[PDB]
Structures are given as structure tokens and as C-alpha cells.
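Have a look at the structure below before the remarks.
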Amino acid sequence: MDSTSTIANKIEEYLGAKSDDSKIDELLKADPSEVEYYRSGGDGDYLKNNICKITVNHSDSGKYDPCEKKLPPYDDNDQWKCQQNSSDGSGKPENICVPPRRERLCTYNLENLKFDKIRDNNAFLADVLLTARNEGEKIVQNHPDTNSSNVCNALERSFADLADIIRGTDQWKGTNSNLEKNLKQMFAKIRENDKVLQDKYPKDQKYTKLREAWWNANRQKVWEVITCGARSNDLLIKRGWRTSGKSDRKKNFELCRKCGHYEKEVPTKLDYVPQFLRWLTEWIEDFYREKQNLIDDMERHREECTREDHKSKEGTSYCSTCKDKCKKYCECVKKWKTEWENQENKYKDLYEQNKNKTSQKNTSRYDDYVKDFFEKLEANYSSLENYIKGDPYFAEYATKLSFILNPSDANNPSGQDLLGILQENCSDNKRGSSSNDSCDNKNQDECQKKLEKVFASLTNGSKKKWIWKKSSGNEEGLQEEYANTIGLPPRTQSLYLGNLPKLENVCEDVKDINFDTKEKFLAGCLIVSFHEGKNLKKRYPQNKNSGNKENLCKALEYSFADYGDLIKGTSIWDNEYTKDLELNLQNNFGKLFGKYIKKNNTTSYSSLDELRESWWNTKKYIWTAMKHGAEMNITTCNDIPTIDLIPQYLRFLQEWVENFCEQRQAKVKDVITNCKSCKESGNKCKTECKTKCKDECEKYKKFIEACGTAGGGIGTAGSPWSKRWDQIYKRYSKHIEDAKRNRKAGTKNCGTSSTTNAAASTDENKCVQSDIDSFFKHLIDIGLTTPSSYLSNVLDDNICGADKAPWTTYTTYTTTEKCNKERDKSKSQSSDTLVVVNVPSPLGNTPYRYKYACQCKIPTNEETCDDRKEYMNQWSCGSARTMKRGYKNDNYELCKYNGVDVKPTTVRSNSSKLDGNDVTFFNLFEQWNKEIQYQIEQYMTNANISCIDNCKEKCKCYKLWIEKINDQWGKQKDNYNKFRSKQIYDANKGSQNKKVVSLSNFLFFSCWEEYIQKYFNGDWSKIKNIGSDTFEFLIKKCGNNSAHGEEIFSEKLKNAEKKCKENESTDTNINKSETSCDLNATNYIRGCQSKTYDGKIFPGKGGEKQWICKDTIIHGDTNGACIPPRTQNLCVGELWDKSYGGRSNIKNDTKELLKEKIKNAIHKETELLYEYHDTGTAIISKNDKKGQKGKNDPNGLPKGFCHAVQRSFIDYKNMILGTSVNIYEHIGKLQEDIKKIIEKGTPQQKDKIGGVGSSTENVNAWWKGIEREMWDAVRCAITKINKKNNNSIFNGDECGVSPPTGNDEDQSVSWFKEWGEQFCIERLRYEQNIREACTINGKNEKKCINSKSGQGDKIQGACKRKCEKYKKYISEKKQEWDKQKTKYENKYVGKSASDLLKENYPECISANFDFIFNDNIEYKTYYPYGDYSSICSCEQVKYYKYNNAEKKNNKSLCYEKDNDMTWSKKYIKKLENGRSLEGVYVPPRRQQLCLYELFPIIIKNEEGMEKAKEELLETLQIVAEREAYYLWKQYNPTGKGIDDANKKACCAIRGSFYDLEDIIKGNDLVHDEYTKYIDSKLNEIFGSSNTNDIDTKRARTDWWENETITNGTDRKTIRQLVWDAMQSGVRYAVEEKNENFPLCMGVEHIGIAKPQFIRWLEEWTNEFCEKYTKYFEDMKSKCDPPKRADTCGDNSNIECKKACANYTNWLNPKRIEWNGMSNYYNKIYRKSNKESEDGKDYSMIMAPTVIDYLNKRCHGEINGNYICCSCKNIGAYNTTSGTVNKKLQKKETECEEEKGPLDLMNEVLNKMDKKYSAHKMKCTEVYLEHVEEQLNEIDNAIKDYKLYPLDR
């Protein structure tokens, strides 16, 4: 044993392992993890995520694969002249017989491997990976053999060839020789530069000895790369003996006889032998195997005798015809056999030179490694291990040699084809099943025959725990891809066939091979099926069933499907018998049915797997045998179950969930029976338990939370239900992701944003491909994206338990970790280790609704609100969300926020200033002020809308937190009272700071600062305090001057009303007396006989009035809105008159006279409006262009009198009161005559009291309550007018009992609304005219509006007459509208003109005011006719490529992207099925996204479908190009950083691309003025609206994704076209800047789009991190004390003020935004389409908390692709992992891990982290000084705004 050598077979693994001698191989192994492989489109992260999916995109695309030899395919085959010749030197026609041994490798097209920049191991191994992947694909996919036990040997041969190429030992080398010397020299020169990292001290550099170490170091990587493409049925290592072998060794892992693909270690140790000798197997073994196959396979028996009938052809005639007509002309083809059997023996005939050591006629290259065979094989003993004798397979072809004699006998005797198609419908659910399913195949060739119903025959001859364990490494388990994922059922591991190592052991009576024919094989399979049925009959009945068969039928179905998967080879689980039964099955199915395997290159069978799948699809006989086997039979309960087509993982999931549900029902029945209070769970709180019902709840909790042994039921393995469910969810989401990223599937209808696919393969209409990926793809688009939804769909109903606990919902609780093992000792590891929050679907520790019904007592009204989560909890210790800690004393009541611990440490403080706890109180209080103001504003408007639809949740979850927030405001004001009391010392010292300024004053500052921050771009712009005329609203919102901020909360809490109430209500009273109005003879009114302001009534036209805009001489400056023509022609009655200048007819009378005058005036004007709208003479009344007869409103009576009478009432009201802009007849005299002449001395008496003083402020406040006396008259008139025209049969009503609405207080807004409605109606009429003009002059001859060139197809009068009037109308209306929108926005603030107009009138939905009245000269140039330019300007919009006379500058353009916009929650979609309140925020980049080009085409293509798609595609491409160009212009030149700017710009462009894709697919979360109409019209176009909404969305998604456009350049989908357009825009920007094209954005493949909310969240996180870093660095550079003192330093205490103010102002709204984002995430994560709040799925989100998800995403460094966010030292301190290691004290490190200090996200927003705690005091005091100064400024500003009473 002392003569051990180093040959590395089985014993040199631990003794001879000298590879890892020094720390060099660890860095020598190649890890291709560098981002952006060249500029062709490679990426490191894609390769790291999966090594098996490497493509040619890692270098120049489409032009790399070995052996660039240009042999053209379809003219010749096997024609080469390369090697040598002697007589025909011109070429090499035929001088050597090259075998097809290596010529069949992936060696055909485009080995253009010459490019440079390959410098390191990352770039070095890329070509090796490409070669390995390509050779594996070529050797596996199209393999002419019958898929026998030779694919492993073929892959081994390919790997040996690759190893020889790398080592250079290969002898037959072609064009790769130039690289081989290049690798030996260039890659030597580029790898020897790092002399520090390598120990090449011996001369010279040890090139070979270092490259061999490099290859040994990366031995594994190339192994899994080359084996990536192989199928799981490889079954490597030829030794197939059952659980043993001729070379018995120790137990290491499950190498028997599989698990090499996932082994992560080399299985083939035969490559470590000296490779010089290793190369003999290439010559001999391949010929041996091929000849052994040739001699035996084509034996076609003697069935071609042509006895029954004469046959012209026999299929194979080898001896019957040819050898009878002649002797050997057709059979004597074996001549290559003294190199095989007559050319064989040129291998081992070198024994002539005996005893042969030193070779003198060879080369000297250190041949000591090959000197072994000098004596080892010639004249030495051959007594060694079994690797030479016994282990190799040398006699397996019926060998009967008698080379040895053994007289002793002490051993006992041993003891062309059809291919049908089917569309059987799977029903994997019990609900309505709104969709269907399908399958394929069926053979009708591989079967029994006929004459079914064969029965009888008999007498042919305890793992009961779920193996949820790692992969089968020793005896049992699952597959490597399925390890610890789903768990193996006991029935599945105890099924009969899985226990049989070979199929030939089916029958005990016969003990030899019996499967030689198809029927013979099927007979054994049927025997196995019958045995399984009998075994299940023995097992299940009759203990778990009450005489029925549902359990028995379920077990038979599951076992039937498991047999199907096992015989198909798609089994996901393994035992000791499996992987040998599979090998025997494959050997049988290769020996039998081998002829049908012909379709290797294109009915026949493509491969062996499809053949086996087809055989199994011939399953009715097997199912009938299984069914008849046990007791099911016939005449007791009588089709084929569809359970088998469902994937085995899903079947295992359903079985495990059914087991868990049965156990849960057993454990919850007692809980339901007992936990009732007296007879129901909710009743009496006292003695809720009858005696001790808590024991049942304790049992349930123990069952749920056990570790599999402390009370838990059968199932799992030492792990909780929660852990097992999490593993299941992870595996299921991985399957969903793989299906979505798959390329091949059947016919489906994609309708999800997170989907991409090019081709869908199927042969039948509306059929899925029946594969696992296709089945998961079909699972997608009907929901079912999560296990919760899938199980909710497939489960029966009440099997989950007596309590209805649907799997869709999620219930959260808190629990202690398993008590068997304590993490890192006990009593000091952490607090959360004992308390961890869990959130599964109804796996909670309580039976769903009995969270509070259990453990006695009933849920209080306070905690029911928390359960409903309608009003979330934010603060803890005395709050807007319940609970309080006190105490009523001096110090100190603080409103602590949830989840963050308040730190009262006063060590941060200094002397003579505020205390640390007071500063923390101030910060907490200002945050509380902001958040509570926001929440009151949000929740004050909801009211839940009733009815429809205690009285809802306004008694609970409302009117409770109102009182409790009143209490919280009282607490906060009491605490601030103590805070302000600190002026006993500092008030005189710092007069006048008040130490500090009072609470009401601070609230005033807070609201003013809130206004300034939004409307003046930051609080730092408070110097620009000129608010123009927005003060009135602002002083209304903030109170007149200071010392009234307390009143702000007083009002904001006293207005918590207007609902509940309710009460009953008081409705309904009666109308107001009295009708009368029968005196139609109202005399004549000199004012107006007819309001002919919109022309005259037919007959006769003319006299149209015009909108009196501002700057009119009669109204002075007129800063208000325009005067309506109806108001201009208003029927004043007998009050005002003309012909005498200003005449007041009613001058000496009282108001008693004018009620009759106003009454008959409104009567006549209303009766005219009833006639002014029947004839359509009013602009508001007239709709479309036919008139009011052909086109009429639906509401029973002409549209435009209810609004007209409302406007008349409003303008009469302001006529009495005094309008903002007096109209025409100087209304005021009425406003100073019955308090002067007709407003004169009424009702206040003229008798003065006191005297001159206190006499001029008691008279001017009376006329506000006298205006109500006219609405009754209006009601009487409007009811009376409709009731004379009884000529047609109808009653007098506008649209039924519907009355005119109220809220008639607003007047200028009413005028604006009237103007907007009239403008929209006129625009619709003009649009109809333009469409008519575009349809006319265009006939069947395809004429185009009579256009000639000219300068293209321009209009010259056909539709120009119709469109120029529209153009001038838009011009004048823009003139009127830019002067009204500004006034309305300044008056109301926060309400845009469009968001006011659109909802009040349906006709405004088609108008985008921003685009129509865009203020841009480029807009005027490119859109001469406004939004209808595309209809009129018919130039056939056409997106031009990057080159060949591009037209971008001459094309339509927009403005540059804004850089400092704020996140806004406006324009969020209003989801149907209300109370779906989204808390999301639109990114600035998305809300500034330019899509203005779409809108004209969107308007144009309303009619004329099948033409919209081309125009839409073109405009989308040009928009994407311009968007990429402007985003690059916004990002890249702002700092010329080569990497940061480029990567940030590319990430932003990818985000914009994904947002555009979501807009197209309809998954966008924003409905602004643009995208709302874009989505509406896209829905109208796609599907033509004749389908449903889901169908429309699916059509849109399919159109975006599939290859829809037919182009002459390959088959590029619309998504690819848009990405290419964005790339072209980036190229334009780069060329303009004269830079280099970015390394990223060169990717042709764009990844799967994450959900829009998640992308927005990641963008928000990245922006927040960058802004936080910038602002904190500014603060640390400025607010930190100077190095040369402060008083005498370079600072003036001003730049620190600026930095602190900027930081606080930026951080204040970010907390609210993050709170909203987290609130939405906590309700959206881990949800599918059917359960998420929105329709889109979120199954890819696997993270309990948003912070954890961000840590999983933001931990790394941004690269430009996929990774779009990063965090550096945010929050905590400038140090990342790692500082302290837990290994040195107690294993292991359990964080785990922090992954960047992003967990401080919640704490930093409360200004509580250490980084801000360093500068909190100075920032706070500076903020307070700023507060005082700006109150001074604002008060002075208001006093100056008073202005008027000073001088003239």
C-alpha cells in the first residue's frame, strides 16, 4: 500500500488534490459577470441568472458559430478539399476518408472569431460557453439515433474534444489554429500583466502549467455549460447495475445513475488521466458502437417471404432476392475490418519491439507522462483495480466464451404511421369555467388492437410520511429542480410501479424478459395497473370513507396520472428504483417502436419523448384496467379522468392541499361547535366559552404552528405550514416566470403586461401545446397566477373546513419561532426572534372569522376598524389611530409613530437652547400636522357614497377616528403649550422669537409653506412672495392674518359632517306655494321679446351675439372671464331699459312689485328657451349637424334649457349681489338703490343710533338672504310651461321627476362651464363637418381629397373650406380660453380647467384642452388645424429609420424634459368596484412623457379600422424615438460622466418604454387628459368593441406582442420596432453630442416588464436615494462647523440654513409618498389577476415587506439594465457590509442580511436616524428662525395687499 500512484480514479480526490495549493485557481476560474458584453447586446446579469440561456447576443449578433466554412446547403453534401494529395495538386478531390465523427458538430456557418477587447477571464470564457451551448444544442436536438444510451457518451466525446482544443493536444485542427496560437500568445500577453496576482517566479512564465491550472479551476463551469442543453433523461455513467457496481465505493451523493447536470462537480473523472493517452477512445469506441448497432438493428426477420400476397417491394431484401439471384453483389459490403474485422487490427500490433523505454525517432516535449506504457502494457503484471477488468462493458452481446475451465460446480441454477389529433377539454375547476382547455397527439397505431373489455385473471403476486426533503441524494426524494418545493405524497412514493426496478419483474410466475411486442408490453403495463388498483383497494377502504367512492376515485385518478408521468419520464420525484426503471423503459422503447423515430429533420416521431407521450396518450386501456382493478368495475358506478394532463407538480400541490384541508376540517369542527358564545360566536361577552372552549383554539393554533411533532398533523417534514406554503409559492412563481419567458407554446390569447412571445405553435384551432410551459401559459391570462388562486379554483368547496375560508384572501398574525432551537443562545439575540409576523392565506392560527370569537370576548368597535383596515394606523402613543399613554403632567406627551422608536436622548443638545426632547417633539408634531391635514383632506370627501351603497362604515371606521383625532389634536395643542412655555429665559434674549412662535402662528406658516412649496418650486422661493390675486383663496384657507392657525384645525374638525346625520332623512317635504301662472297674458315687456343672441329663429337668420371677452371698454380692465351672449341678451324684464341711456323703469317702487316682474320675465325667457331649443336655434341646443330632429338628446326634452335656467338663476343671484364683472347696463344701481333708491334704506331704519360713530358698519349686510324667493317661481314656471303642448301624448317633465340641481352659489365658474360646454359642442359639430369633408371627394377610385403635388398631398380647397373655419374658431377660442383658465386656476387653485369641464358635460371627453390650445409656435406649425390636423393634412404619416434622409426636425416636436418636477397622485385611474383607493404616485418622468403625436391619429382613426394599426404603429415608433432622444438630452449632458449619466439615462428610457407598453396594453395606472381618451379609443379600435373588455385587452396585448407587421426585413414585432426606434433616438442624441454610443441600449432583447407600480416604486427609490445623498452631502459640507471656527470662519450662518431648509422641505412630502406606496404594496403583494385590487397580476412579488423587496432590489450597483436602483450608505452611516462578523462568536450571521442600510428607510423619514441626529438641533433652530422671519414677511405682505385705504 506504499506504492500509491496519482491516476485520479477514486482515491486521489483527497490525497492527490494539488489544484488548490495556492490561492490562484480561485481567481483563475472564469466568472463571466461583467456588464454589457461589447455593444451588441450582452449583459452579465442575464448570464448569471441562468447559465443555460446564453445566446450569440453576448457578441456580435447572428454571426458567430464554429467553422465559418461556407459550404452552401442545398447543392452538395460532404465536399471538402483540405488535407493532402500527390497526383492532383490542384485541389484535394479524394485522398483521405474523413469520417462523419466530428464533421457533424456545430461547425457550419459563421466562425468570425477575430475581434479584440477580449482581455480577462470574463471575456475569455464567453466563446467557450457559446461553443459548448451550440454543440449541445446540435448534438441533442437533431440526433438521428433512436435516443438510446449514447447521448451521454456523445456529450462526453464533445467535451473531450473541447478539452483537447483548449489544451492544444488535438491533432485535427482547421481554421481554429489561428485562434489556438492567438490564445497561446495574445491571451498569454494580456493575462501575464498581473504579475502581483500570479506566482510565476520560475523561468520563464509557465504558460502551460498556468493554463492547465486555469482549466482545472474552471473545470465545473464548462461542464454545466455543455450539459445545459441535455435532457433530464440523460442518465449519465454507463454502469447501470442496480444500486451497486463492479467498482463498489463509499456513499457520497446520488450519482446513480443520474444527477450530473445539477451535480456542480465533475462526474467524469476519466478526463484527469494524462490526456495524451486518453485520446484512443475516439478511434475505436465509436466504430465499435456503430458496428454493434449496424449488425443487429436492421435485422428485419423473415416476415418478407411474400406468402399471403405477392409484394413488389418487401421493405428490406438482404438474402431472399439478391442472394438468390446472385452471390454477394448486394451483401458483401463489409471490407473495413484489419482497422475493424478484415480492415481492424492496426492498433495493438506493435509487439515486434519488445522492452521499448527511450524513443529516438520522436519529438521531445517532456514525455515522462507517456512513458508509462513502455513496460506497463507489454511485460508487467495487470493486477490493479476493477477500472481495467470487470467495470468496462466488453461482453454484452450474448457471449459464450469458454476461455477458463472450472471443474467444481458449487453454484445452484439461476432463477408509415398515423398521427391523429384530439381536443379533449380539461376541466380543472368546479366553478363556471369561463374558459376551456385542450391537448394534442393520439396515435391509433401504438395500441392493443380491438375487442376491448378483457377482464379476469388473478394470483400474480410502510412509507406513509410526506417526503418534503431535499433532492433524492441517498435513497429517496425529489429532483434537483424540485428539491424542497412541493413534497412527495406517501401514496405517490408507495405506488407499485415506482417500487419495481424493472418492468420485467411484473409477474412472479415468469422470471425472464417477456416484452418483445407492443401487445406484450401493454400486457405488462395493464398487469401493473391492476396490481396498483388492488393495492389501493387494500389500503384506503374501508376506514377513511363512509361507503362512497370519492376518496377512492381521487386516489385512483392521482395514481393513474402518476403512472402516466412515470412512463412518460416527466417524473419530478425519485426513489432507489427510479432512474433504473426509467433506463429500462427507455431501453425497451428504443428497442421497440424504433422505426417510428425518423422525424429528426422533418409524419413519424420527432424524438423518443414524443413517442412515449403518444403511447401514454393511448391510455384508455390502462385507465380501464386500473378502474376495474380494485372494486370500481361496472354495474355499480359505471369516463377517462383529465387529471393526467395537469402537471405533476400541480397534482402534488392539489393532493397536499386536500390533505391539509381534511386535517384542518377535522381540527376545526370541534372549534366551530365549542367556540360559540352561547349558540353563536357573536352574542354575549360573558362566559363566551361554555366551560373551556379555549382548548379547541389552542389545539388549532398548535396544529398550525407546530414543527411537525408538537401537535401538527400528517404532512410536511419538520417545517411549519407557513414555510411549506412559502416554498410552494416560490416554486409556482418560478414556473410562471419560466412560462412567460418561454418562446414556444400553443394558441393562447395573452392579456397581461408582463408577457412577451413571438411564435405560437399548434396544429388545431384554439389548442394548448399540453407541455408544462404551455399549461402554465394557459394558466396565465385567466388569472390563476398564484397558488392561492389556483387552489381556490380547483378545490371543491367546504373541504377546507366548516368555516368558509377562501384561499384568495390573506390573513396575518404574529407568532413565536419554533421553540425546539433558539437562535444564537437564549435571552439575548433579539426581540423579533421571539415575535415574527406571518401572513399566509387562511393558514392562520384562528379559523378565519373567529380571530376574536376564540379566546373568549367579542371584537370591540375600535379593533373592528383595524380589522377592516379602511382607515390605516400610523401613530402609536396617543394618535389619530387609538390608544394613549399620557400622562397629564409637565413632561411629556408624545405622539409616537408606528414602527419607529422615539429617541429622547438630549446629548445632541447644546446650552441655552431648546432641549433634545423638545426638538424631537417639534419634528414629530410638524410631521403629525402634515399627515393629519393630508388624511383629513383625503377622508373628508369620501362619505362612502350612499345609497347604494351601522349605515355602512360611517358609524364604524368613521365618527370614531374623528373624535379620537379631536382628542389627539387636543393632546398636541396641550403639549405645544408646554413647548412654548420655554420663553421664560430666551424671549428677552432673542426678542422676539417667543421660544418658540405660537401654535396658531406655526399652523399659519405650515399652510402658507405648503402653498409655496408646490406653486413656487420649493419653500426656498418664499422671497418671491408676489401671489397676484390668489390671496383671497389663500387667506380663506389660512385665515385673515396670523393668530388664527388654530382655527384651521377647528374648522377642519368641525366640518366632519354632511353625512350621518343621516338621519331618516327628513325627506320629503312639499313644493313651495304657489303654482298659479295660468295668467299667460303677462302683457308686453320692453326689455326683450326674444333672446335672439345665437341668431334668429327660423324662418330668418342673423343677429348672432359674440362672447364679450375681457379688455372691453365698457367694463374697464376686466380681469375676469368673458361675458356670455345669453347674459348679454338677458331678459332683465321691466327693471332696465334703453333708448334713454341708463333707464331704470322700476325706480320708485318697492321690492314687492318686482317679484311679479321677475316672475313673468323668467316665465317668458323660459318659455322661449323651451322654443329656442326645440328648433335647435341655440348653439348649446344644436348637436351634430343634422339638427335636433335627426340627432336628438336622450333626456326626453331638448338639451340645453336646464343648464340655461340654472345659469339664468345664478346670474340673477349675482345681479342682486353684484357680479365680478358688471355686465353692460352697469348692474350696480340695483345694488345701491332699496338700501339707496332700488337697493334704499331697507330693512334697517334710518334713525341713527349714538351718532357719527358706530353707524357705517351696520347696514351693508342684509341683502344676502332675500334671493331665495325666486327659485320657487322658477320651479312653478318650468313645471307650468311643459303642460300646454298636449298635442303629443306626454306629461310635463324635463326627464321625469329629475329636478334642476343646486349648488348655484358659484357664478364665474358657472360662466366658465357654460363657455366650455358650448365650445365642446361646437368642436364636435366642426369635427363632424371635417369627417364629412374627408369622406367626400374620396370615392371607390381611392382619390385623396383632390390633392395634387405641389408640395406633397396638400389640401387646396376640397376640405380646406371646411377646416379653415375650424382653424379660426380654435384661434379665437384659444384667445378667449388662455385668459379664462388662468383666472379660474388662480381663483380656485388645484382644480384645472379640463378637470372642471370634462365631468360636468359628456361632450368634453373627446376634447383635450391642453393639446387643442397648446401655446407653442411649433405646435401651430405642425398642427395648423389643431387636433384635427391629421384628418385634414393627409400626408400619410410615416416613421423614417435612423438613416436615408431622416425627417425628425422637420417632423412634429415637443419641448425638453423637465428636471425638477414633483411626484403627483393626480390622474390615477378610478377603478370600478369602488373603495379601491390607490395610494400610488405618478413619477415625474412618466407624467412628462411626450405622446402628443398620438392624439391627432387617435382622433382621425375613430372610423376606418384596419388602417389605424399602421398609423398607430408609425406614430408610436416616432414618439418612442423622440422620447428616447429627449430623455438622453435631459440626462446625459447634465454631467459628462461616462457611466453614471449613461446608465441612469438608459434606465429611465427603459422605464419610459415599459410605461408606453402599458399604455398600449391598457395596463397604465394614469388617466390624464391624454391617456384617458387614448385608452378609450384603443378599446374602441381593437376588437371593434363588439367583444368584452377582457377580450379587448387581450387583443391589444396580442397586437403589441406578436409579429403583427409584415416587413421585408425578417419578422420584427411591434415591441421590437418600438425598442429599435428608441435606440435610433439614443443614436441621434449621441451623434449630436459627438459621443460614443452607450454600451447598453445596444440590447436587441428587452426583458420582461415588471408591474407598473413596482417600476414606479423602484424609480421613486432610486430618485429618493440620489436626492438624499446629494442633500445630506450638502448639509455635511455646510451645516457642519467650519474647520476655522464659525464666527471668524468662511461661513455666515446662511448656507447651512439653505441646506437645512432644502433637506427638510424635500423630506417632508417624501414620508407621505412612501407611506402611500407601502400601504398599497402591503395590500397588493403576492396577488394574482383574480385577487389583486387592480386587474393586473403581481405574482412575481415575493417579499413580506416593501423594505425587504427594495433591499432585494437596491442592494447592488446600478448597471443600466434590469438593475435600475442602488443605495449607498443611506440613513445609517457611511459603511456597508461588513464590519462585525457573527461567525467568531456563534454561528451563524443572522441579519440576514442588511444588504445596504435601506432598512433605515422608515426611520430616516421621521428624522430619527443617526445621520440626521447629528445635525437635528441646528436644522431645527434654523427652521424656527426661518418660521419667524417668514411670518413677519407674510403678515407684511398681507397688510401691503390691503393697499386700497392708503391715499388714492
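So you can find residues: chains in the C-alpha cells are A, B, ... in the order shown, residues in each start at 1, and ligands are numbered from 1 in order.
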Note to self: Need to verify the contact set: residue 1555 of chain A, 9 Å, only C-alpha atoms, exclusion of same-chain residues closer than 3 positions in sequence. Can you return it as a VMD selection string?
What the structure shows: chain A and resid 1486 1550 to 1552 1558 to 1560 1563 to 1564 1652 1655
Checklist line | Distance of atom CA of residue 268 of chain A from atom CA of residue 98 of chain A, expressed in Å to one decimal place | finding: 28.2 Å
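Within 7 Å of segment 1087-1096 of chain A, once only C-alpha atoms are used and residues closer than 4 positions along the same chain are dropped, the contacting residues are residues 1100, 1101, 1102, 1103, 1104, 1105, 1125, 1126, 1129, 1130, 1131, 1132, 1133, 1134, 1136, 1137, 1168, 1177, 1178 and 1179 of chain A.
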Margin query: Neighbouring residues of segment 74-89 of chain A were defined as those with any atom within 10 Å, considering only C-alpha atoms; residues of the same chain fewer than 2 positions away were excluded. Please report them as a ChimeraX atom specification.
Written below: /A:69,71-72,91-96,98,100,103,172,174
Note to self: Give me the residues near segment 1106-1116 of chain A as JSON, numbers by chain, where near means some atom within 9 Å (using only C-alpha atoms) and where sequence neighbours in that chain fewer than 4 positions away do not count.
What the structure shows: {"A": [1093, 1094, 1120, 1121, 1122, 1123, 1124, 1125, 1128, 1221, 1222, 1223, 1224, 1226, 1315, 1375, 1376, 1379]}
Next item on the list: Find the residues near residue 621 of chain A: any atom within 9 Å, counting only C-alpha atoms, skip ones fewer than 6 places away on the same chain, and give them as JSON, numbers by chain.
Entry: {"A": [447, 448, 452, 453, 522, 526]}
Item checked: Selection near segment 1809-1823 of chain A, 9 Å with only C-alpha atoms, sequence-local residues under 2 positions removed, as a VMD selection string -> chain A and resid 908 to 910 913 to 916 919 to 920 922 to 923 1672 1675 to 1676 1679 to 1680 1696 to 1697 1699 to 1701 1704 1770 to 1773 1800 1803 to 1807 1825 to 1828
Next item on the list: Determine which residues of segment 1560-1604 of chain A DSSP labels as alpha helix (DSSP H) from the backbone of this structure, then write them out as JSON, numbers by chain.
Entry: {"A": [1560, 1561, 1569, 1570, 1571, 1572, 1573, 1574, 1575, 1576, 1577, 1578, 1579, 1580, 1581, 1589, 1590, 1591, 1592, 1593, 1594, 1595, 1596, 1597, 1598, 1599, 1600, 1601]}
Next item on the list: For each of A:258, A:1381, A:1507, A:465, take the minimum atom-to-atom distance to residue 234 of chain A, counting only C-alpha atoms, then give the residue where this is smallest.
Entry: A:258
Sorted by chain and rising residue number, which residues of segment 790-832 of chain A lie within 12 Å of segment 844-851 of chain A, and what are their closest atom pairs and distances in Å to one decimal, counting only C-alpha atoms, as CSV?
```
residue,atom,partner,partner_atom,distance
A:800,CA,A:847,CA,10.5
A:801,CA,A:847,CA,8.8
A:802,CA,A:847,CA,9.1
A:803,CA,A:847,CA,6.8
A:804,CA,A:848,CA,7.8
A:805,CA,A:848,CA,6.0
A:806,CA,A:848,CA,9.2
A:807,CA,A:848,CA,10.8
A:809,CA,A:848,CA,10.0
A:810,CA,A:844,CA,8.8
A:811,CA,A:844,CA,6.3
A:812,CA,A:844,CA,6.9
A:813,CA,A:844,CA,6.8
A:814,CA,A:845,CA,9.1
A:815,CA,A:845,CA,8.9
A:816,CA,A:845,CA,11.8
```
Go ahead and save the residues from that selection, with C-alpha atoms, as a PDB file, in the first residue's frame.
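Just written: again.pdb:
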```pdb
ATOM      1  CA  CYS A 800     -61.222  23.304   3.748  1.00  0.00           C
ATOM      2  CA  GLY A 801     -63.373  23.235   6.886  1.00  0.00           C
ATOM      3  CA  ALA A 802     -66.710  24.200   8.361  1.00  0.00           C
ATOM      4  CA  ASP A 803     -65.745  27.883   8.155  1.00  0.00           C
ATOM      5  CA  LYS A 804     -65.690  29.434   4.689  1.00  0.00           C
ATOM      6  CA  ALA A 805     -62.045  30.471   4.370  1.00  0.00           C
ATOM      7  CA  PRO A 806     -61.315  31.270   0.710  1.00  0.00           C
ATOM      8  CA  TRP A 807     -57.726  30.860  -0.424  1.00  0.00           C
ATOM      9  CA  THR A 809     -57.743  36.300   0.917  1.00  0.00           C
ATOM     10  CA  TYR A 810     -54.699  36.596   3.184  1.00  0.00           C
ATOM     11  CA  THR A 811     -54.831  36.669   6.988  1.00  0.00           C
ATOM     12  CA  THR A 812     -51.891  37.954   9.022  1.00  0.00           C
ATOM     13  CA  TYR A 813     -50.911  37.150  12.606  1.00  0.00           C
ATOM     14  CA  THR A 814     -47.852  37.164  14.858  1.00  0.00           C
ATOM     15  CA  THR A 815     -46.170  34.073  16.258  1.00  0.00           C
ATOM     16  CA  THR A 816     -43.052  32.848  18.015  1.00  0.00           C
TER      17      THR A 816
END
```
Per residue of segment 368-478 of chain A within 8 Å of segment 633-653 of chain A, note the shortest atom pair and the distance in Å to one decimal, counting only C-alpha atoms, and order the rows by chain and increasing residue number, as a Markdown table.
```
| residue | atom | partner | partner_atom | distance |
| --- | --- | --- | --- | --- |
| A:426 | CA | A:642 | CA | 5.6 |
| A:427 | CA | A:642 | CA | 7.3 |
| A:428 | CA | A:643 | CA | 7.7 |
| A:439 | CA | A:645 | CA | 7.8 |
```
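Our summary of the geometry notes that atom CA of residue 1046 of chain A is positioned 18.7 Å from atom CA of residue 940 of chain A.
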